[PDB]
Structures are given as C-alpha cells and as structure tokens.
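> opening piece of the complex, as it sits:
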Amino acid sequence: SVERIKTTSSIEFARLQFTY
C-alpha cells in the first residue's frame, strides 16, 4: 500500500529537543 507523509510546519519542537 501507498500513503503520504504529513509534515508539520513547526520545526521548533526538534530544535527545543536539541537545545534541551
């Protein structure tokens, strides 16, 4: 089966992850 990945417009969660 085939699907589409939905991407959030906000990367700041991952940047907060990196900083923390």
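Arrived safely, thanks for sending. Residues are numbered from 1 along each chain as shown, chains lettered A, B, ... in the order given.

> mind checking the SS state of residue A:17?
helix (DSSP: H, G, I helix; E, B strand; the rest coil).

> tell me how many other residues surround residue A:14.
Residues within reach of residue A:14, counting by other C-beta atoms under 10 Å, total 10. Yep, even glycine has a C-beta here, placed from its N, CA and C like the rest.

> quick one: list the elements packing against the helix or strand hosting it.
Residue A:14 is part of helix A:12-19, with elements assigned from DSSP states H and E. Applying 3 or more C-beta pairs under 8 Å, 6 or more residues apart in numbering; DSSP states H and E, we find helix A:12-19 packed against no helix or strand.

> got the CA coordinates for that helix in PDB?
Only the C-alpha atoms of helix A:12-19 are listed here, as PDB (Å, rounded to 0.1, in the frame of the first residue of the first chain):
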ATOM      1  CA  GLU A  12      10.900  24.200  16.800                       C
ATOM      2  CA  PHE A  13      10.000  21.100  18.800                       C
ATOM      3  CA  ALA A  14      13.100  19.400  17.400                       C
ATOM      4  CA  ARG A  15      15.200  22.500  18.000                       C
ATOM      5  CA  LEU A  16      14.000  22.600  21.600                       C
ATOM      6  CA  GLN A  17      14.800  18.900  21.800                       C
ATOM      7  CA  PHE A  18      18.400  19.600  20.600                       C
ATOM      8  CA  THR A  19      18.900  22.500  23.000                       C
END
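
> chain B next, sequence below:
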Amino acid sequence: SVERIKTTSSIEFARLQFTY
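Once chain B is put in with the chains from before, the structure reads:
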C-alpha cells in the same frame, strides 16, 4: 460588554518558558 480574544500564531514563547 462582549469582546473577542486575539490569539498569537506562535506558541514557542510558552514552550521556551517551560524549557527555561
């Protein structure tokens, strides 16, 4: 008297508050 609450499109101030 009634009014409408205006919400900012950016939540990262509160997330920075939490992390800090």
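
> revisit what packs on helix A:12-19 given that chain B is now included?
helix B:12-19 (3 or more C-beta pairs under 8 Å, 6 or more residues apart in numbering or on different chains; DSSP states H and E).

> taking helix A:12-19 as reference, get the angle to the helix it packs on.
For helix B:12-19 against helix A:12-19, the angle by axes from the mean of the first three to the mean of the last three C-alpha atoms, to 10 degrees is 30 degrees.

> can you report how many residues lie near residue A:16?
14 (other C-beta atoms under 10 Å in any protein chain shown).

> same question for residue A:7.
Other residues close to residue A:7 by other C-beta under 10 Å number 7.

> what of the one 3 residues further on?
Residue A:10 sits with 12 neighbouring residues when counted by other C-beta under 10 Å.

> which residue does chain A have closest to chain B?
residue A:12 (5.0 Å; C-beta to the nearest C-beta).
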